[PDB]
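First to last, the protein sequences are chains A, B and C. According to the entry's author numbering, the residues represented by the first sequence are 1 to 22, 28 to 148, 154 to 540, 548 to 562, in order. According to the entry's author numbering, the residues represented by the second sequence are 1 to 22, 28 to 148, 154 to 539, 548 to 562, in order. According to the entry's author numbering, the residues represented by the third sequence are 1 to 22, 28 to 148, 154 to 540, 548 to 562, in order.
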Amino acid sequence: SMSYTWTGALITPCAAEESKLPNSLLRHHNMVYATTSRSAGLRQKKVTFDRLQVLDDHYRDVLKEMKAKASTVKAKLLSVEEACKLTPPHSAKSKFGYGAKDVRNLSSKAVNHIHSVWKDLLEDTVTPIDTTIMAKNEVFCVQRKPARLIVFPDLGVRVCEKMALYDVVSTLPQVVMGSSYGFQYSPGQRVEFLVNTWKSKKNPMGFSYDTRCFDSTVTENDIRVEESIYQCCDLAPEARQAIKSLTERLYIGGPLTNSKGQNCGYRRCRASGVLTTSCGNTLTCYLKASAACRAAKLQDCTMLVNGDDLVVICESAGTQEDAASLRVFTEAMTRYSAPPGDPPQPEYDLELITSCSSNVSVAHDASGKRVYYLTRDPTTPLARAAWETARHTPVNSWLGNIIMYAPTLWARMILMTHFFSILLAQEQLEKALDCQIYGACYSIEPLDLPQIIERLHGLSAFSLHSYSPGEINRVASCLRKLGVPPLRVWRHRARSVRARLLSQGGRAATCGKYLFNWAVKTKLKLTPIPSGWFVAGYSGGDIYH
Amino acid sequence: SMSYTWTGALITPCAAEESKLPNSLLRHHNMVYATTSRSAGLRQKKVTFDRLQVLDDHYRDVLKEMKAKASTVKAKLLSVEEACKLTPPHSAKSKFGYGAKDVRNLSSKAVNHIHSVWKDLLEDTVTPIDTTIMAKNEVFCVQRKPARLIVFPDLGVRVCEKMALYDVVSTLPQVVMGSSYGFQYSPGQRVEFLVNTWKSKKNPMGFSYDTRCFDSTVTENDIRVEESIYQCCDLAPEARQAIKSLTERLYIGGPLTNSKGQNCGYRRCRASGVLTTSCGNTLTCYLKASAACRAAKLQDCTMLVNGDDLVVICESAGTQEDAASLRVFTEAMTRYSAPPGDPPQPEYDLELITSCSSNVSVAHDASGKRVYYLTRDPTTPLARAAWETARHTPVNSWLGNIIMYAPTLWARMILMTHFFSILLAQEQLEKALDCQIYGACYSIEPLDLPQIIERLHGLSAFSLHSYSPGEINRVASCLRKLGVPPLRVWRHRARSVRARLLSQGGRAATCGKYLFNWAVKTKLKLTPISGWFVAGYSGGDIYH
Amino acid sequence: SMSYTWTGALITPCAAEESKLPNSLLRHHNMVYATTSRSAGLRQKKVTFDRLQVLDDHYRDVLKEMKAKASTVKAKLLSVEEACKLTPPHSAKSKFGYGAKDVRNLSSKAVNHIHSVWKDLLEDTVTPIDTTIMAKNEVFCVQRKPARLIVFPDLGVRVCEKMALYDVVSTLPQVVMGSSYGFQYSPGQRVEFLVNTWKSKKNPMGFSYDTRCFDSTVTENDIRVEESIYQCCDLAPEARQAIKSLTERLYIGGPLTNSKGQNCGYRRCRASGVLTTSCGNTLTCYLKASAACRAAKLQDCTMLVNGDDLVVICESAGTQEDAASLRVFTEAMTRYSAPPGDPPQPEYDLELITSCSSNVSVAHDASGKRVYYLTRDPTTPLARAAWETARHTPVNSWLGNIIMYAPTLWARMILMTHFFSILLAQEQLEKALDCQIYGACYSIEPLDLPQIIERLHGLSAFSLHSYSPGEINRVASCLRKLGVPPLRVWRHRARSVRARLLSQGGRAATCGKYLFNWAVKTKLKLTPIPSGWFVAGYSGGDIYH
Ligand SMILES: N#C[C@@H](c1ccccc1)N1CCOCC1
Ligand SMILES: N#C[C@H](c1ccccc1)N1CCOCC1
Ligand SMILES: N#C[C@H](c1ccccc1)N1CCOCC1
């Protein structure tokens, strides 16, 4: 069918939308933009087309294999009270007279409506269910991207999605996909996995495969196959009936409605803003790709999947032959409706493989031993931190990034230094902040950062010191490019923060001592001190813990 | 959405379409025409429109109750062997190099292609499945109907439809609509049920509701709802998959390709020529009508549904209040996408209510006792009868009409006397013949008719004798209109046929003795001597 | 025993080998390639391996039956003069100071040497006879093939083989194998056999069986048994004594000597370039398959064998039951050391069965009567055709293909038109040409094709006109893939050649009249224009008539 059809009504904004940035961090303010509903039209062009999908014997085998694992999963029905407790406090309110705050409180009004929505789900497996369609606001750096289209149903239905399916998507993918299921690895765990599966090959080749607007390429067929996988589980028969109802009334497709209530058209592909999107996209991506591997006769593949993001490490057969089999892979995926964005290429050096906008690099600890850590190009993190420090938002990428990339040269020198300067100047070190980790919202005290980092990365995160050349150049140019002070300047700033932190004692002094030992010259001795976080992807799924 | 979209390509025939008749039976040959593909555009016009559909609590309540019943129903997957055996010997061949004969014979080629269609049905629940669109050649009398459009898929698909849904459509409607499922009634049992439910009311009113081109009014929503009722059954897991997939790729709509292989357009409404049409149409009618009854506050409603055909008998609230309530019933049925053709009218006389082109009337048996029988206007039967005698057709509507209308003045005196005459004059009494009964093709030996008619109608079918005045006139009027000899001539022809038959002894002598006892003058004292009326299968490509 | 063992010395070329085309016929010149010695190593990997062979009662029953049939056969020794006459004029020279030209001229130096090779064969039944190993230069279209490994003995030995065994391989296979011996059929007779035996089954099923590099799977045992089948015949005493010597000293194996005189290794399987290779392979293949049929319990098997190529046609026992008996069949062939390449599949459509790279299809003649004929995918003949026009070969596969496939849509419109146009351009219509029919080399005058075709295929061949949808589409997509112009262009090109041919009168007129009556619109009433070619197979046996 067609991924989308449009009525003509605009995708409309909920309020203002600031396209630009109103400085101690970065001087080239004109390189940072937010996407807006103004670029919506362009996105609608890039994301709408017909979908011709040709399956083959490889697709069916993998699927059979996947169904066999899915059949050993038992999963439970979440109560109204449990599914309420999972809704964020600022989730988008219902059009039926209650908000997320009512839900969280178990108000008998919300709860009665949730009951009613579930009962209709049980009673009617046909009528499409309404979604809202909005354009995302994300900050990026110049050299432009159109806004991405978020699509999601009413809060009533989302609490119902939780009840039917939260336990399935928290549990199944890991079993179905084993070590290929990305969202079970902390950053350190993901480096240990990739590094070890690299050295396990006689002669390793790796590639990341970029799919071209993946949610568009997900066919309604893909989504029923995904349902049959869910249905293999040992389910309660009432969950079984809402999982059917949901996939046919919501996941497969539906109408699109803008913020002003007008009808914008119709979707017959993946909505980003529903509970099954991460799990669904992950499964679908691993299915097609496993098959593409088999089609291209690739040797001893190990895969790692996170939603629409795929990496494959395998046994090379030579540069000529690798490059050719990679094009055979690409056809396989195309035939499966997962065509290429940037066409994929063989890498023979782990460091240069990018997956989940991240890559492996090495550095050394206090004792000199080489340590491998996860990193990324810091442009977007810096840009967003700049945006975050200028315009107050209730979402904190900087903090997520400090947690996720704590060992990195840039997170420690720039991000840690910068914001600990702000919190200290504003007397708000104590105050909890909300950050995203695998699409899930957690409330986090910035003063706990030392424990958190020790726990996810070991003490070495506090003492890494001979970063690789290619990493050091990456960061330096990013800094020159953005107009952020060179690294010598942040060392001097960090010493200032470290000292101010130490004078406050306790948790505050432990941040200074640990997060900033890299800046002192004479190091102190850093000793041990004294998480269902890295288990499953929930991005798009309206989750809070 | 639009029931049909047309590309502009014509609807094409396979062959020569006779339209006019090329005299024993009727003399006014120019009154009888046969529909052809020349009339198709006029039909295309009538059957293509937008459907605005809107449901309410009544609809929804009735659906809940319907599902509850379906849930009590086990149904099983037919094997390829069982499904092959159900295929008519003369069913349109597959475009994949085999025919019904190959199917019927378990040709491993036919069987292996069926296995391949089944497997694709399982992997793929979205790609529309190709149908072929044809204009129907039906025969009529004047005062002019344009051809109906038959729409159907390839034989491979059809066998898969049987594997998946033959047990459901043969079993689900009766459980779900109890006394309303019309196809559980032989013609004698249909009459009994109408008469008793009429007599059981304190003060009865009735109406039949003519839906304007029902097939086109069936929305893609209606067809999915039907699919969801089926799924309430306890079904094998491979059946469940083949049903959804069949409904999404076939039932719900898909491309229309003519006989020359060109795209005519796209369908988003009921297909006339699939296994589920009768069942679907019946359920979908029962659902809309049951709720419409509630919307109109109809007291003590009893209903009879045969696909798109509907009859309601209920308690009267007074003349005035009935008409008003009928108009409410119509309003509802319109919201639900079943606007009327001829708007419904209240009737206080059962013998004036028409349903499945038929009506109850009354006659008296040997003893004097009054018996109720089903009749109709004989115009179309006599038309097709004459057409069947001039041009050899593989279908025999005369036999079916003798079977379904054995007790009628017109079938007894004309159809029996005419064709038993012809059969005699060609030494073909032994030869089995193919006739349709609730859409299914059965082979029947005409010499068996006495045992069959007794079983289906009773001994009294061989001695009904004081037909109502209205009935006698309709028959006689129609005789004058069509130019077919009056009933006194047929009486004479019958004594002659009866004699010849009596002289052959055997089964032939029993036909003589029983089928034409009406004609003798001095009667003989007549003494005594299946699984046919259980479910509907028009469109379904079915044989036993 | 290892099919081959290798010293390490390479397989080397005689002249320098083209691998690429230097366009009237096809634009996509980079899709056409020739195999060269560059790929000898890739082949070497594929064809060298160990043979576990195990036999059973079914194998023995069938061998017994075979020897009984062969015991009814007489066969005579060929004179030297007879044997010399069968030697093609461009057959590789002897390394004992004479050539094929000398052989054909009955020179006393050649004849004296042939007597001495014979005298030594009679006396010595053990000393392995020298062979020469070479890489074959065959043309193909992409979608890569390593070259095949042609291996052959000295010309002296070859003339001796013809003396001993020519009469035997020309006559024995037929008697032994009966209706199964494939090389006894014209292409039209093969078509009639496949068709009639298909229609002779109540409920038919067929399969072809591809054997993983058959020459390599032939064990020394097989080649000895094969020998013992020959010894059943009534044979002159010296025929017997030479047949044993040849089978122990040359057929069983022996050393491999490259074109430079070095030792490449040693062979313990079938040699492609000896006289008994067609007859042996056909027997061995027939013997194993006949037994496997019985192992699998196939009902009413009708078998057709051409060397390593096998098709079986039998009564279907149902689909699951059919699928299973092939697996049983495959297991048996494997025990017997003839494992599969592509595993066999059941087929219920005669036109979808390929055998000898060919399938049956249907057209209609002058009268509209339906008529059966033999065809193939034209990709490979089109490719070899391109090549034979761009570069001068002494082997004209285009002429082979016109004779073999006169009735075909693609042969008539493209091969006929195209080559008759070139012969016309170059004033060479009168000039005899060498072509290979069943591996025997014939010199054929191209103006004789209208008689040759009438005899071999009937007048229907000159007027077939409603080729099946499947056959039309295969020919169409091949034109596109290969870049050859569409059939409308060949119609017009054919009318031109047809006119020019009619103007010359004589036999040139007759070709234009008949061969091209398809391009004319108003046709001529074609009427009758006023062989020992399809008896046995000699592919590999150095044979000329
Ligand atoms: N940073 C970050 C996370 C991530 C964040 C949000 C959604 C999905 C992933 N990222 C690193 C670990 O592997 C996955 C990619
Ligand atoms: N009542 C009833 C049946 C019937 C038969 C077939 C389809 C629907 C109804 N009856 C009317 C028309 O044909 C024969 C007599
Ligand atoms: N059947 C047959 C022959 C054949 C010829 C030569 C060797 C084996 C088989 N066929 C395919 C290849 O050449 C011409 C047509």
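Ideal Cβ positions, reconstructed from N, Cα and C, are used throughout, including at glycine.
Quiz item: Quick one: any contact between the region 372-379 of chain C and the region 485-499 of chain C, if contact means 3 or more CB pairs under 8 Å?
Solution: no
Quiz item: Taking Cβ positions only, does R234 of chain A come closer than 8 Å to chain B?
Solution: The residue labelled residue 234 of chain A in the question sits at position 224 within the first sequence. Chain B has a Cβ within less than 8 Å of the Cβ of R234 of chain A.
Quiz item: Distance, Cα to Cα, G290 of chain A vs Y296 of chain A?
Solution: As a first step, residue 290 of chain A must be located in the first sequence, where it is residue number 280. As a first step, residue 296 of chain A must be located in the first sequence, where it is residue number 286. Going from the Cα of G290 of chain A to the Cα of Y296 of chain A covers about 10 Å.
Quiz item: How far does the alpha helix (DSSP H) with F430 of chain C in it reach, from first residue to last?
Solution: Translated into the one-based positions of the third sequence, residue 430 of chain C becomes position 420. Counting along the chain, the alpha helix (DSSP H) containing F430 of chain C begins and ends at 427-435.
Quiz item: For a contact meaning CB atoms closer than 7 Å, what does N213 of chain C contact in chain B?
Solution: What you label residue 213 of chain C is simply residue 203 of the third sequence in a count that begins at 1. Under the 7 Å cutoff, chain B gives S112, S113.
Exercise. Using a Cβ-Cβ cut-off of less than 7 Å, list which residues of the region 124-142 of chain A approach chain B; keep chain order.
Key: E128, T130, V131
Practice problem: Find the residues of chain B that neighbour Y358 of chain C, judging by a C-beta separation of less than 7 Å, and give them in chain order. | Solution: Locating residue 358 of chain C in the third sequence gives position 348, counting from the first residue. Those within 7 Å of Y358 of chain C in chain B are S113, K114, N117.
Practice problem: Tell me whether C243 of chain B sits in a helix, a strand or coil according to DSSP, three-state version. | Solution: On the second sequence, residue 243 of chain B is found 233 positions in, with the first residue counted as 1. In the structure shown, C243 of chain B sits in coil (DSSP, three-state: anything other than H, G, I, E or B).
Quiz item: Taking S473 of chain C as the reference, which of C:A518, C:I454, C:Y524, C:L439 has the closest Cα?
Solution: In the third sequence, residue 473 of chain C corresponds to position 463, counting from 1. Looking at the Cα atoms, C:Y524 is the closest of the given residues.
Self-check item: Three-pair Cβ contact test at 8 Å for the region 408-418 of chain A versus the region 501-512 of chain A
Solution: no
Quiz item: Using 8 Å as the limit for Cβ to Cβ distance, is residue 24 of chain C near chain B?
Solution: In the model as presented, chain C runs from 22 straight to 28, which leaves residue 24 of chain C without coordinates.
Exercise. Reducing DSSP to helix, strand and coil, say where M313 of chain B ends up.
Key: Residue numbering aside, residue 313 of chain B sits at position 303 when the second sequence is read from its first letter. If DSSP states are grouped into helix, strand and coil, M313 of chain B belongs with the strands.
Quiz item: When you compare only the Cα positions, how much space is there between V284 of chain B and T399 of chain B?
Solution: The residue you call residue 284 of chain B lines up with position 274 of the second sequence. The residue you call residue 399 of chain B lines up with position 389 of the second sequence. Each residue's alpha carbon lies about 30 Å from the other.
Quiz item: So, using beta-carbon positions, are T418 of chain B and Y383 of chain B closer together than 8 Å?
Solution: Locating residue 418 of chain B in the second sequence gives position 408, where the first residue counts as 1. Locating residue 383 of chain B in the second sequence gives position 373, where the first residue counts as 1. Yes, the pair counts as a contact, with Cβ atoms nearer than the cut-off.
Quiz item: In chain C, which residues lie with their C-beta within 8 Å of the C-beta of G102 of chain B?
Solution: Position 97 of the second sequence, counted from the first residue, corresponds to residue 102 of chain B. Listed by position along chain C, the residues whose Cβ is nearer than 8 Å to that of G102 of chain B are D359.
Quiz item: Does the separation of the CB atoms of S326 of chain A and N213 of chain A fall below 8 Å?
Solution: Start at 1 with the first residue of the first sequence, and residue 326 of chain A comes out as number 316. Start at 1 with the first residue of the first sequence, and residue 213 of chain A comes out as number 203. In contact: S326 of chain A and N213 of chain A (Cβ atoms closer than 8 Å).
Exercise. Indicate whether at least one CB of chain A lies closer than 8 Å to the CB of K74 of chain B.
Key: Position 69 of the second sequence holds residue 74 of chain B. Taking Cβ atoms only, chain A never reaches closer than 8 Å to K74 of chain B, which makes this a no.
Practice problem: Just the chain A side, please: which residues come within less than 8 Å of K69 of chain B by C-beta, in chain order? | Solution: On the second sequence, residue 69 of chain B is found 64 positions in, with the first residue counted as 1. Ordered by position in chain A, the residues that pass the 8 Å Cβ test against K69 of chain B are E128.
Quiz item: Opposite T181 of chain A in the DSSP bridges: which residues?
Solution: Here residue 181 of chain A is taken as the residue at index 171 of the first sequence, counted from 1. The partner list for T181 of chain A (beta bridge, DSSP) is empty, contrary to what the question assumes.
Exercise. Going by CA-CA distance only, name the one from A:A519, A:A140, A:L260 that's closest to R43 of chain A.
Key: Residue mapping note: residue 43 of chain A aligns to position 38 of the first sequence, counting from 1. That would be A:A140, whose Cα lies nearest to the Cα of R43 of chain A.
Quiz item: When the Cα of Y64 of chain A is compared with those of A:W408, A:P496, A:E143, A:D232, which residue comes out closest?
Solution: Along the first sequence, one-based indexing puts residue 64 of chain A at 59. When only C-alpha atoms are compared, the closest one is A:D232.
Quiz item: Does the distance from the C-beta atom of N117 of chain B to that of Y219 of chain C stay below 8 Å?
Solution: In the second sequence, counting from the first residue as 1, residue 117 of chain B sits at position 112. In the third sequence, counting from the first residue as 1, residue 219 of chain C sits at position 209. Cβ distance not < 8 Å, so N117 of chain B and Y219 of chain C don't count as in contact.
Quiz item: Taking buried to mean at least 16 other C-beta atoms within 10 Å of its own C-beta, is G515 of chain C buried or exposed?
Solution: Translated into positions along the third sequence, residue 515 of chain C becomes position 505. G515 of chain C should be labelled exposed.
Quiz item: Is the beta carbon of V144 of chain B less than 8 Å from the beta carbon of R484 of chain B?
Solution: Within the second sequence, the letter at position 139 stands for residue 144 of chain B. Within the second sequence, the letter at position 474 stands for residue 484 of chain B. Against a cut-off of 8 Å, the Cβ pair of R484 of chain B and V144 of chain B comes out as no contact.
Exercise. Please state whether DSSP places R380 of chain C in a helix, a strand or coil.
Key: In the third sequence, the residue the question calls residue 380 of chain C occupies position 370. The answer is strand: DSSP assigns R380 of chain C an E or B state.
Practice problem: Starting from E325 of chain A, follow the beta strand (DSSP E) in both directions and report where the run begins and ends. | Solution: What you label residue 325 of chain A is simply residue 315 of the first sequence in a count that begins at 1. It spans 319-325 - the beta strand (DSSP E) in which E325 of chain A sits, taken as one unbroken run.
Quiz item: Counting Cβ pairs, one atom from each stretch, are 3 or more of them under 8 Å apart for the region 271-284 of chain A and the region 200-208 of chain A?
Solution: no
Quiz prompt | Cutoff 6 Å; reference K172 of chain C; Cβ partners in own chain excluding five residues on either side | solution = Reading the third sequence from its first residue, position 162 is the one you call residue 172 of chain C. Closer than 6 Å at Cβ, skipping near neighbours: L83, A88, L91.
Quiz item: Between which two residues does the beta strand (DSSP E) carrying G216 of chain B extend?
Solution: Residue numbering aside, residue 216 of chain B sits at position 206 when the second sequence is read from its first letter. Where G216 of chain B is concerned, the enclosing beta strand (DSSP E) stretches over 214-218.
Self-check item: Sequence-distant residues of the same chain with beta carbon closer than 6 Å to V169 of chain B, five excluded per side
Solution: Position 159 of the second sequence, counted from the first residue, corresponds to residue 169 of chain B. Around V169 of chain B: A88, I119.
Exercise. Note down, in chain order, each residue of its chain lying with its Cβ closer than 6 Å to the Cβ of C451 of chain C, except the 5 sequence neighbours on either side.
Key: Within the third sequence, numbered from 1, the residue matching residue 451 of chain C stands at position 441. If we look at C451 of chain C and ignore the five residues flanking it on each side, its Cβ neighbours are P93, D444, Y561.
Quiz item: Taking 7 Å as the line, does the beta carbon of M414 of chain B fall inside it for any heavy atom of ligand 2?
Solution: Start at 1 with the first residue of the second sequence, and residue 414 of chain B comes out as number 404. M414 of chain B has its Cβ nearer than 7 Å to a heavy atom of ligand 2.
Practice problem: Could you name the residues of chain A that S238 of chain B contacts, counting a contact when the two beta carbons are closer than 7 Å? | Solution: For the purposes of this step, residue 238 of chain B is taken as residue 228 along the second sequence, with counting starting at 1. Simply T130, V131.
Practice problem: Over the uninterrupted beta strand (DSSP E) stretch that includes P265 of chain B, give me the two end residues. | Solution: What you label residue 265 of chain B is simply residue 255 of the second sequence in a count that begins at 1. Its beta strand (DSSP E) spans residues 264-267.
Quiz item: Is the beta carbon of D62 of chain B less than 8 Å from the beta carbon of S1 of chain B?
Solution: Against the second sequence, residue 62 of chain B aligns to sequence position 57. Against the second sequence, residue 1 of chain B aligns to sequence position 1. No.
Quiz prompt | Under 8 Å between C-beta atoms of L266 of chain C and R259 of chain C | solution = Your numbering for residue 266 of chain C matches position 256 in the third sequence. Your numbering for residue 259 of chain C matches position 249 in the third sequence. Contact flag unset, no.
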